[PDB]
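A closer look at the structure
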Amino acid sequence: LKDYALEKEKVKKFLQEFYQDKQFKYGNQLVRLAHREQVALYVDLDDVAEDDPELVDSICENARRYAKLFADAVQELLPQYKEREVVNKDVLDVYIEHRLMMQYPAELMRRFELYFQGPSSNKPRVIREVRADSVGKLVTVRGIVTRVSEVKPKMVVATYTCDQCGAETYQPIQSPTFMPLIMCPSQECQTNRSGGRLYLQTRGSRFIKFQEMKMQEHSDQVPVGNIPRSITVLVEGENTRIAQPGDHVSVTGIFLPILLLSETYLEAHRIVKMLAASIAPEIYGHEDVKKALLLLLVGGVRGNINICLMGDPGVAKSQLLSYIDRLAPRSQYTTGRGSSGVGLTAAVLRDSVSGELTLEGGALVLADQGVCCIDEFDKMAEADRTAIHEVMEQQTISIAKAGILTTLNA
Amino acid sequence: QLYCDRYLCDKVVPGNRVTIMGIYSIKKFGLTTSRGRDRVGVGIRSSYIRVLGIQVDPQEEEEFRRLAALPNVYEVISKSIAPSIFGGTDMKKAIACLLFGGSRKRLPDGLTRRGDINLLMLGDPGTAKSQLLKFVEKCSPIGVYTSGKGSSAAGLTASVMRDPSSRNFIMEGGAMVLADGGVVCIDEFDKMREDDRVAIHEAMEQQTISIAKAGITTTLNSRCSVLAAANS
Amino acid sequence: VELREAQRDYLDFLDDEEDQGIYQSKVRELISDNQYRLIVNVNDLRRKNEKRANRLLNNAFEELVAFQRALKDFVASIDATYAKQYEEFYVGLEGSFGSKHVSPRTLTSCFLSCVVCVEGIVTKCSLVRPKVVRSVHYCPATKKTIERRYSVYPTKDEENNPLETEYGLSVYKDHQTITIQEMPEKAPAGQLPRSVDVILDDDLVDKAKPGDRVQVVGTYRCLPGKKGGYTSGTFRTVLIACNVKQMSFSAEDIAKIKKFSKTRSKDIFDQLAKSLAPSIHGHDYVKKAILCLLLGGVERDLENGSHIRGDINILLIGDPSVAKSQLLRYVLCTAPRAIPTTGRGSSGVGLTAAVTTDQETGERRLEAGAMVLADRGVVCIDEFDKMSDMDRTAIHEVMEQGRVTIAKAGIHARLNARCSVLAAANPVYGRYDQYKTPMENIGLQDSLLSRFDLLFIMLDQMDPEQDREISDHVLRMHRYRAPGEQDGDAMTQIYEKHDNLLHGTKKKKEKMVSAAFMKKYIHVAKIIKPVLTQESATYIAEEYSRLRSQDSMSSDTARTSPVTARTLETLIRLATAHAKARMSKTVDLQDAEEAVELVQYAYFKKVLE
DNA sequence: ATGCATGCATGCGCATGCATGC
DNA sequence: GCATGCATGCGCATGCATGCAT
Ligand SMILES: Nc1ncnc2c1ncn2[C@@H]1O[C@H](COP(=O)(O)OP(=O)(O)O)[C@@H](O)[C@H]1O
Ligand SMILES: Nc1ncnc2c1ncn2[C@@H]1O[C@H](COP(=O)(O)OP(=O)(O)O)[C@@H](O)[C@H]1O
Ligand SMILES: Nc1ncnc2c1ncn2[C@@H]1O[C@H](COP(=O)(O)OP(=O)(O)O)[C@@H](O)[C@H]1O
Ligand SMILES: [Mg+2]
Ligand SMILES: [Mg+2]
Ligand SMILES: [Mg+2]
Ligand SMILES: [Zn+2]
């Protein structure tokens, strides 16, 4: 065991004594955060390595506690660096100013979020190997995003106004479901025993963006004869709208369970994305077949280009397609009937959060503003060929079937 | 509904014709208010029968040794095969030696060699071919009779499915699978379907059937002698 | 008193170092390997103490607890430093149980509270879940910490102060549930199967997968009726596993392998090819090709991420009764991961993994196909001609790059399919017509043949001497009876013992290699990674150029398969396999010459007028 | 202490996709 | 070139069992 006051003081002095980068970065960050010119601050654990490394291990073992400690330390440090009022203040800032002018939960007055970035010395793990030993620790995972949910608000602190008094009641939320209050716990109502009833307020309450996403293992890390496993990641704060389906990402986060069995999930902190005619030097010849690929990659000024290669077997057409798929930033590769029909166009599926139906696109939708590669084109079905022709000539897909009536941009 | 306890379990395979002696009783699970859409029935208890009895619908060694020790066993066996049918002594002898059958042999390399005999008959209608097949089916300790295209409610070869409710691999016993070491008689050899025709090749050659589906790969054993009839 | 005596007996069992024991070395290895599970043979315990074995079999929980306590004490005595990490150790069991070897169909209540062994196939699996052991809570208001152990979740302090949970300080253990079904090969025909439920904890969670054949040893227990004023009197039975085994190496045979290699060298490949299958007469080139498949090539990966295939594919075509199915069955028996898939037995959905929408959760999951399971293995396809075109198109991707791409809206994946294929097919006319060209007889598209590496044509030539030799061999094999078996009854040295019938009087000058030694040598050779030399590269290139230019030097002979760029890779792969045949490091000239001879034999055939 | 919402099959009605047979 | 047989997802309602919040 160890007292948290000493470690809080150490964090406070660390946030103020890290000039060794020459400009004082943390001073500027705190100034921007105090003047409402910045809404997110990220802490480098590699930067902490200059100080005592025991703090790094403690954070890696009890990340949530130290995140809260950092948030409290930053909140306490904010008043010192303040110089001026808010230039342009919004509704929440108006409520904060009015409340200060006239105990309040810390997160209610707080308007910033803190996150941890994993140390470079910490080797990334595998989705298959994260187990009970990693519960509560800080981990780094590399994978591919497959499903993403829409952005929706989520309550943080609920504010209630009484029927017969001007007092405002505050209720923190730390559970997926919460029980609303009924009676007024205000001192005036308690003394008078009036029994007034509270009413929820949307304006006074605090909301944060919420998102769901799913990740899968890379095909290289899959063991012999097995199938890639999937993990679920929650996104909140400014980290929202970063990940998209089909992208290769690396996420640093915390492994936490949900309630004696339990279900696990990940809370994200940092998400990151992973002549000149020298395409595939491994292949001899085909000098005049490589400039066309370069022009296809560059594109025109609709200015799209479509290229087809017909050839006898054994001249290695597939390797060029694979190289093009790997080189392009947004690319999709199809082999044949394994991704026919529903694999292209789009389909309707249930939602994880809303519980309703939403449209998820196929390979063509994912390859929007990118390059798509098709192998064994002559073997495709008639419907797929018609869809490909529609994409080539019109650049939009039209779907009109039972339950689906949409026009997708491709 | 029937309830079996202790040693009475597994004594009956589904499909058997049984005569059961027991006690006619009713279920007792306390009391409960009538539920569901219909509440007309009042004071009705489900009934069942508690089963207590089930009936299913060394000296011979010397007799068999004496029968086999004679010098004229072959003629006696040949005459014993369908005495009602006139002629066809050679066919009767062939049917008898098919019924007795050969011997299977394994090898150190792990390969196996067939120990069963297969026969084919061609002829004009009215030559009493189906009668011989029925006699063989009745005489053999294990025997199946089919029409080439399976049967009324059973196929010629096995099939594998997965139950969506329980996620278990259910196999439907085919005509070839239902017989192990017996004789399978097949009339109308010409009208066989494509999949069955392909499978019977492996069934006759290696006496095994290999079935591979999503998440499963199995090799069932079918050690069946085949007696077939066909038309011109 | 009884528990203390059992613990004393268990402690006495382990101290065998002064009695030629091995368990002390096993414990030392476990400490070295950071493992906390020991496997003890039941047969040895029964030999040393029959009463303790009988008590353990007839009563599991108490005896297992006592044995775990004894193991804890023993590990403490050896190195108490290691015992600090883990609270308790776990026990594994092995051996022959006899009457307790019970199939899922024969499980009864007579085996309650006992230790049983079952063999089956896995059909249902569940997600890995954590389970709480200890909980730690902290009170920010009073700066006090509380501890709870589990074998009610506190939320408030004594003065109603809120409590904050410390997830990192808590202890969790893995948990999973699986289902085992009776194997269809043993279940009675026409009857529904029966299944058992198994619980896996700690390090045994990730040792099973659906569609796999396993053997599980564990205790059999009932589950008590849950809370209620009225009980039905029926309890559910669930197996608690202690050891799971995947049904399928020596120590001093390394000296034998080294001696045999350093002695024979060049003759190694010839002897291995000759002794492939005594039960089959002739077809030396086919045996050599099968041996090359068993050895295989070398997979190469480069900086740009490009992939080069290292597997070989062989297609055999010929008249009926030339022992092709026998060779396929022998390969199935010998190969470690061998899967037979006939023409119409499995469709494209069975050979290739598919997507199924799970009704329980609403998600979409992947179910592996036949080729997906056979990773780094062999797939045998009899009656290849009967296969539909679409299945061939699906198999084309695996034959090209050994990968499968699947995509259905909401999910997309790429699975590894690095396998090798044996195919057996019949001619379109039933029997191979000598006069007609091979193109008409085979009746296959050029792309499919090109994706194959080797094509073999076998003919049943009715030559009197060949017929005499074949009849001699067949009747010698048929007359053979295994030694130790009475006549008329119904139903490891490097070189096999000579037999008067299996080998013959003339063959006394030579001997065949034993199956087990052959398997070990094949595995060791497959481990080895050879390197290509500069001398062989120019020779191979020049011979490839000669082969391509042979179009003007083909005389009256025809070509079975077109010559493309894949033929050079086939040459290199066969050379690499032949280099793997004998334990070496570099590719030599004769190594490439053997592959060149094989290609010469396979690719060209004379046409009779 | 009691009546009800929910978890787990199962029938119903339907549309959609893959294979083939004339 | 197309209608049909054979899975399979989708959406839904209905019935049987049980477990406890007001
Ligand atoms: N011009 C070339 N240079 C180098 N290698 C080649 C060339 N042409 C073919 N190859 C080799 O031949 C093989 C052809 O296989 P693949 O790419 O599947 O052919 P295709 O794409 O025509 O089906 C490749 O592995 C490649 O290494
Ligand atoms: N050689 C024979 N001896 C006695 N009865 C015969 C003979 N040949 C034919 N029959 C009679 O004629 C009928 C032939 O019908 P069936 O055996 O069904 O013909 P198939 O089998 O060729 O269709 C039988 O019922 C049988 O009683
Ligand atoms: N060269 C041979 N040596 C020994 N036995 C042979 C030989 N050729 C054929 N046979 C025998 O003939 C049978 C051929 O059956 P099978 O292997 O199914 O033929 P195919 O595979 O050509 O259809 C085998 O059981 C085998 O014992
Ligand atoms: Mg290609
Ligand atoms: Mg008839
Ligand atoms: Mg064959
Ligand atoms: Zn009030």
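About the cut-offs
- Numbers on residues come from counting from 1 along each chain's written sequence, not from the entry itself, and any residue without coordinates is not displayed.
- Chains carry letters and ligands carry numbers; both start at the beginning, A for chains and 1 for ligands, and go up in the order they are written.
- Part of a larger assembly is shown, with all reported values restricted to the visible chains.
- Heavy atoms throughout the structure, all of them, feed into the side-chain values; hydrogens and water do not.
- Residues with missing side-chain atoms are left out of burial classes, side-chain pairs and their counts.
- UniProt positions are given in the numbering used here, feature names are shortened, and annotations may be inferred rather than shown by experiment.
- Throughout, the term near means that a residue has one or more heavy atoms lying within 4 Å of the molecule or strand in question.
- Any pair of N or O atoms that falls within 3.5 Å is considered a polar contact. Within protein, one atom must be able to donate a hydrogen and the other to accept it, and sequence-neighbouring residues count only if both atoms are side-chain atoms.
- Each residue is assigned to one class: nonpolar for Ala, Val, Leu, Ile, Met, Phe, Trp, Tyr, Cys and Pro, charged for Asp, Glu, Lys and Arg, and polar for all the others, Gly among them.
- Aromatic contacts are taken between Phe, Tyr and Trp rings whose centres are within 6.5 Å, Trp giving its six-membered ring; a plane angle under 30 degrees counts as stacked, one over 60 as edge-to-face, and the others as tilted.
- The helix count covers DSSP runs of H or I at least four residues long, the strand count covers runs of E at least two residues long, and both are numbered beginning at the N terminus.
- Relative accessibility decides the category of a residue: with a 1.4 Å probe and only protein chains considered, values under 20% of the type maximum give buried, values over 50% give exposed, and everything between is partly exposed.
- Placement of a positive charge over a ring is assigned whenever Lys NZ or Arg CZ falls within 6 Å of the ring centre and within 35 degrees of the normal to the ring plane.
- Accessible surface is estimated by sampling points in the Shrake-Rupley manner with a 1.4 Å probe; for residues, cover comes only from the protein chains shown.
- The pairing criterion is simple: DSSP has to find at least two bridges between the two strands.
- Fitting a line to C-alpha atoms yields each axis, with helices limited to the stretch in contact; the angle taken between N-to-C directions then spans 0 to 180 degrees.
- Contacts are assigned to residue pairs that have any heavy atoms within 4.5 Å of one another.
- Disulfides are defined as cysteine sulfur pairs within 2.5 Å.

Listed as the method for this PDB entry is cryo-EM; the listed resolution is 3.2 Å.

Looking at the header, the entry is titled "H. sapiens MCM2-7 hexamer bound to double stranded DNA". Recorded under Catalytic activity, the UniProt text for chain C is reproduced unchanged: "ATP + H2O = ADP + phosphate + H(+)". The UniProt entry for chain C carries the following comment under Sequence similarities: "Belongs to the MCM family."

Glancing now at the protein's contact with DNA strand D. Surveying the vicinity of DNA strand D reveals the residues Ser340, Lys401 and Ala402 of chain A together with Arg35 of chain B. When the atoms of DNA strand D within 4 Å of the protein are sorted by group, sugar and phosphate make up 88%. Within the contact set of DNA strand D, a phosphate oxygen lies 2.9 Å away from a side-chain nitrogen or oxygen of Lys401 of chain A. Between DNA strand D and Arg35 of chain B there is a distance of 3.2 Å, counted from a base nitrogen to a side-chain nitrogen or oxygen. Grouping the constituent residues of the surface near DNA strand D by class yields one nonpolar, one polar and two charged.

In this section: the packing of aromatic side chains. Scanning the model with the defined rule gives 19 aromatic pairs over all chains in all. Seen in terms of ring centroids, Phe13 of chain C and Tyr23 of chain C are 5.3 Å apart; in terms of plane orientation they differ by 55°. Their pairing is tilted. Here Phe13 of chain C, found in helix α1 (residues 2-14), pairs with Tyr23 of chain C, found in helix α2 (residues 23-32); they are ten residues apart in sequence, far enough to count as distant. You can call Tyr23 of chain C buried: its relative accessible area is 7%. Ring centres 4.0 Å apart and planes at 15° place the aromatic pair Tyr285 of chain C and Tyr601 of chain C in the stacked group. A relative accessible area of 43% means that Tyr601 of chain C is categorised as partly exposed. Grouping aromatic residues by their ring pairs yields a cluster made of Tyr36, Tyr82, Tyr86 and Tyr90 of chain C. The ring of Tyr26 of chain A carries the charged tip of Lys25 of chain A above its face, separated from the ring centre by 5.8 Å.

On to the protein's contact with DNA strand E, then. In the vicinity of DNA strand E, the contacting residues are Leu349, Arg350 and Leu357 of chain A, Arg35 of chain B together with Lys226, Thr356 and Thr357 of chain C. Here, DNA strand E places atoms within 4 Å of the protein, and 72% of those atoms are sugar or phosphate. One nitrogen or oxygen atom from the side chain of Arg35 of chain B is found 2.5 Å from a base oxygen belonging to DNA strand E. Within the contact set of DNA strand E, a phosphate oxygen lies 3.3 Å away from a backbone nitrogen or oxygen of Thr357 of chain C. Here the surface near DNA strand E is composed, by residue class, of two nonpolar, two polar and three charged.

Right, let's get into the site of ligand 3. By nearness alone, 14 residues border ligand 3, and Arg113 of chain B together with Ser321, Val322, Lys324 and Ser325 of chain C come closest of all. Mapping the residues near ligand 3 onto chains gives chains B and C. Interatomic distance of 3.2 Å between a backbone N/O atom of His281 of chain C and a nitrogen atom of ligand 3. Protein contacts shield 77% of the accessible area of ligand 3, which totals 570 Å² for the unbound molecule. Broken down by element, the residue count for the shell around ligand 3 peaks at three residues, all from helix α9 (residues 324-334) of chain C. Grouping the amino acids of the shell around ligand 3 by side-chain chemistry returns four nonpolar, six polar and four charged.

Okay, the sheet that holds strand β14 (residues 338-340) of chain C next. Residues and elements named next belong to chain C. Here five strands make up an open sheet; going across it, the order is β14-β17-β20-β13-β21 and the pairing parallel. In this open sheet, the two edge strands, each paired with only one partner strand, are β14 and β21 (454-458). Strand-to-strand twist of the sheet, defined as the mean angle between neighbouring strand axes without regard to direction, takes the value 15°. Across three bridges, β14 lies against strand β17 (residues 378-381) in parallel orientation. Residue pairing in the sheet places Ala338 in a bridge with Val378 of β17. Of the strands in this sheet, β13 (313-318), β14, β17, β20 (420-425) and β21 touch α9, which is tilted by about 155° from β17.

All names here are of chain B. Close to ligand 2 lie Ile85, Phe86, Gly126, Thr127, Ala128, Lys129, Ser130 and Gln131. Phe86 places a main-chain nitrogen or oxygen 3.5 Å from a nitrogen atom of ligand 2. Within the contact set of ligand 2, an oxygen atom lies 3.4 Å away from a backbone nitrogen or oxygen of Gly126. Look at ligand 2: alone it shows 570 Å² of surface, and the protein chains cover 51% of it.

This part covers the state of the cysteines. Residue and element names in this part refer to chain C. Under the defined criterion, the tally for this structure stands at zero disulfides over all chains. Note on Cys222: no disulfide assigned, nearest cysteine sulfur contributed by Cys114 at a separation of 12 Å. In this model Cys380 remains outside any disulfide bridge; the closest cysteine sulfur is found in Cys419, 8.9 Å from its own.

Residues and elements named next belong to chain B. The strand order across the open sheet formed by four strands is β6-β13-β10-β7, and the pairing between neighbours is parallel. Two strands close off the open sheet at either side, each with one partner strand: β6 (118-122) and β7 (143-146). Neighbouring strand axes in the sheet, compared pairwise and without regard to direction, differ in orientation by 10° on average. In this sheet, strand β10 (residues 183-186) lies alongside β7 in parallel orientation, the contact comprising four bridges. The residue bridging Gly143 from the neighbouring strand is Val183, located in β10. On the sheet, helix α4 (residues 130-139) packs against β6, β7, β10 and β13 (225-230) and is oriented at approximately 160° with respect to β10.

Turning our attention to the interface of chain C and chain A. Note: interface size is frequently given as the accessible area lost on complex formation between the parts. The interface of chain C with chain A comprises 53 residues on the first partner and 52 residues on the second. When contributions to the side of chain C that touches chain A are tallied by element, the ones reaching two or more residues are β4 (129-139), β7 (171-181), β16 (364-367), α11 (370-373), α12 (389-401), β18 (403-408), β19 (411-416) and α14 (446-451) of chain C. For the side of chain C that touches chain A, a count of residues per class yields 19 nonpolar, 15 polar and 19 charged.

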